[PDB]
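This report concerns only the one structure given below.
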Amino acid sequence: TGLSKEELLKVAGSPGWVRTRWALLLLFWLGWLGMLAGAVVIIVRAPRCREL
Amino acid sequence: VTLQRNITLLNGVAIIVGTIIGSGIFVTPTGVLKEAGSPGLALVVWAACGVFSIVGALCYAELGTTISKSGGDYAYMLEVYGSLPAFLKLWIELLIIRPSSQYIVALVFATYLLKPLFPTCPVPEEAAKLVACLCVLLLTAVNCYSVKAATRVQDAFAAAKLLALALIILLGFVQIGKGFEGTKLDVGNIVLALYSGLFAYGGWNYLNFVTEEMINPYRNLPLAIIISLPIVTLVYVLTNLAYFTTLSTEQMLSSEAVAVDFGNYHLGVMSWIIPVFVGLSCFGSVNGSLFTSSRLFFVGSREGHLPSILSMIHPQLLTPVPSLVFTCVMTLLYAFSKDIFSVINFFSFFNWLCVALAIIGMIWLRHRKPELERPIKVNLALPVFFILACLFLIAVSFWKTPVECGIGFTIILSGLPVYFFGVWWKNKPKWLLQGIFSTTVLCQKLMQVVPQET
Ligand SMILES: N[C@@H](Cc1ccccc1)C(=O)O
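Line by line, the protein sequences give chains A and B.
Just so we're aligned, residue 162 is where the first sequence starts under UniProt numbering, counting upward by one.
Numbering-wise, the second sequence is residues 44 to 222, 233 to 507 according to UniProt numbering.
Spelled out as structure tokens, the structure:
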């Protein structure tokens, strides 16, 4: 079920949607550096191995 | 608006030497000594997998060149056996094999990348799952924003792989500079010894899923395979030799992580280098599978089996974004599981029977259609040799290890309901079709994506 480029691009450029994409594609990139902060916290908080 | 051709000969060997080298050589050589009994038969088994891979992969230059459509194993299957046989494969690829293959490599990326900070105990399990997901997400983004970036990343990690094995091998010959054993003959062990090697070489079949993006396929695809697969075989048997220059046979039979032992033996002040190289090897293999699998499900959408949203390309960025997001999201589900490994050990056979059915299909296609153009032709003796050896190593090894087939065939037959609902159907439930269209245009407006214009 294909739908036309020249149909979609009547709606796809509208202010609410381009704002929505900037919001989500920022929230994702913030979520990812959130994964990184979470992991680095766990790695620092975890007790390191016994010495041989 | 179509997937723009961007893969060179150079990046075309990076995708294959990229996906092959992986974790296999650094953590599965113990898995051949445990069956072979001896470093003598081990060096043979590691060479025997090489030639068997080369004949297989050159038999894949036939399917590669004769059918440009680049669903790889799935397109070649659809072209011969038709819609339902190909769909059960694509369902298995979608649901189990391709997400779990990415995820366990993401986990293996974590446990080795973190090992320099955890030198003698398990890494914190939650940290390992977070770092696994950070890898799959970062490589999904690096695949969305440029195919030329993604393949430059494949190049970078193909270099990282060959640096790692060069460092192993030169220490091997330095160790030799300072100056075979009793062996089994039982075929019931030899098939298991050899089958344990086919995991390491596995992945030569990957380049075929991206042929439609490769810039001059009738040269570049055949030439990439024969450039790569000999250099894979050489660094593999020389790496497998290098381990026996340093490690006692009894040590390797025990070893949790063979490359870490070799690194700790020689480089003790800075041995953490080798864990980092095996980690970065795995990172590049996640990329290999993301890149390659998103093209499979794109093809599976445009060849009319899968839901339509997965066909839709981003028209400014020229990447099949919903298929990259779909494979990312399917991968991250596996982080929310514990030790599914027994069914994965079953489905490891399913890929080999797909290679068998496809390459059987190559002769079947040769006899039913000698009219076709064939930009290269293969001596029929090589498929005749390869198909029997493949079906032997499937059949005998399966009889020795039918590990979880009760759940295995539970999953395989679960594709047939979805075929009757999604591919066979006469589309009677019009209330659902309004939802299908609505959610489709939602995804198209959200992701900003447009179908393949044939
Ligand atoms: N050889 C790959 C594993 C693999 C097996 C089978 C198919 C594809 C890939 C690795 O070591 O990462």
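Positions of the beta carbon are idealized from the N, C-alpha and C atoms, including for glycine.
Where residue i meets chain A, residues with beta-carbon distance less than 8 Å
i	result
residue 501(B)	173 and 182
residue 180(B)	193 and 196
residue 149(B)	The contacting residues do not exist; residue 149(B) stays about 12 Å from chain A at best.
residue 177(B)	193, 196, 197 and 200
residue 498(B)	169, 172, 173 and 178
residue 368(B)	166
residue 160(B)	204 and 209
Residues that residue i contacts on chain A, provided the C-beta gap is smaller than 9 Å
i	result
residue 275(B)	By Cβ distance, chain A contributes nothing, its closest Cβ being about 34 Å from residue 275(B), past 9 Å.
residue 113(B)	Near residue 113(B) there are no residues of chain A at all, since even the closest Cβ is about 20 Å away, more than 9 Å.
residue 490(B)	162 and 164
residue 361(B)	162, 163 and 164
residue 493(B)	162 and 164
Reduced DSSP secondary structure (H/G/I, E/B, other) of residue i
i	result
residue 323(B)	coil
residue 110(B)	coil
residue 476(B)	coil
residue 500(B)	helix
residue 64(B)	helix
residue 366(B)	strand
residue 59(B)	helix
residue 50(B)	strand
Cα-Cα separation between residue i and residue j, rounded to whole angstroms
i	j	result
residue 125(B)	residue 220(B)	58 Å
residue 155(B)	residue 332(B)	5 Å
residue 480(B)	residue 207(B)	54 Å
residue 506(B)	residue 315(B)	53 Å
residue 307(B)	residue 73(B)	8 Å
residue 176(B)	residue 388(B)	8 Å
residue 405(B)	residue 447(B)	7 Å
residue 478(B)	residue 358(B)	11 Å
residue 243(B)	residue 451(B)	13 Å
residue 464(B)	residue 252(B)	22 Å
residue 166(A)	residue 174(A)	12 Å
residue 276(B)	residue 260(B)	12 Å
residue 321(B)	residue 330(B)	15 Å
residue 203(A)	residue 327(B)	24 Å
residue 476(B)	residue 352(B)	15 Å
residue 344(B)	residue 54(B)	12 Å
residue 375(B)	residue 196(A)	22 Å
residue 179(A)	residue 386(B)	29 Å
residue 210(B)	residue 169(B)	32 Å
residue 212(A)	residue 324(B)	16 Å
residue 274(B)	residue 208(A)	50 Å
residue 105(B)	residue 379(B)	30 Å
residue 76(B)	residue 384(B)	32 Å
Nearest candidate by alpha-carbon position, reference residue i, set the options
i	options	result
residue 337(B)	185(B), 82(B) and 46(B)	185(B)
residue 397(B)	66(B), 73(B), 91(B) and 146(B)	146(B)
residue 210(A)	482(B), 165(B), 133(B) and 59(B)	165(B)
residue 470(B)	52(B), 131(B) and 68(B)	131(B)
residue 235(B)	84(B), 117(B), 116(B) and 335(B)	84(B)
residue 310(B)	279(B), 434(B) and 151(B)	151(B)
residue 280(B)	503(B), 46(B) and 52(B)	52(B)
residue 300(B)	483(B), 65(B) and 313(B)	313(B)
residue 474(B)	401(B), 383(B), 360(B) and 437(B)	360(B)
residue 393(B)	460(B), 288(B) and 183(B)	460(B)
residue 382(B)	476(B), 260(B), 174(B) and 142(B)	142(B)
residue 408(B)	493(B), 127(B), 442(B) and 377(B)	442(B)
residue 135(B)	170(B), 472(B), 67(B) and 483(B)	472(B)
residue 212(B)	458(B), 69(B), 378(B) and 368(B)	69(B)
residue 403(B)	456(B), 386(B), 417(B) and 368(B)	456(B)
residue 488(B)	379(B), 421(B) and 362(B)	362(B)
residue 194(A)	467(B), 192(B) and 174(B)	174(B)
residue 163(B)	317(B), 274(B) and 49(B)	317(B)
residue 189(B)	48(B), 356(B), 490(B) and 293(B)	48(B)
residue 102(B)	439(B), 160(B) and 500(B)	439(B)
residue 339(B)	104(B), 466(B), 88(B) and 182(B)	182(B)
residue 88(B)	122(B), 254(B) and 434(B)	254(B)
Contacts of residue i in chain B (Cβ-Cβ under 7 Å)
i	result
residue 213(A)	163
Neighbour list for residue i in chain B, Cβ cutoff strictly below 9 Å
i	result
residue 188(A)	Residues of chain B passing the Cβ test: none, with the nearest at roughly 13 Å.
Contacts of residue i in chain A (Cβ-Cβ under 7 Å)
i	result
residue 169(B)	203
- Item | Interfacial residues, the stretch 372-393 of chain B to chain A, with Cβ spacing under 7 Å | Within the stretch 372-393 of chain B, no residue has a Cβ that lies closer than 7 Å to any Cβ of chain A.
- Query: What residues from the stretch 183-197 of chain B come within 7 Å of chain A, judged by C-beta to C-beta, listed N to C?
  - Reply: Here the close residues number zero.
- Query: Using a Cβ cut-off of 8 Å, which residues of the stretch 472-491 of chain B contact any Cβ in chain A, in chain order?
  - Reply: Closer than 8 Å at the C-beta level to chain A, one finds these residues of the stretch 472-491 of chain B: 489 and 490.
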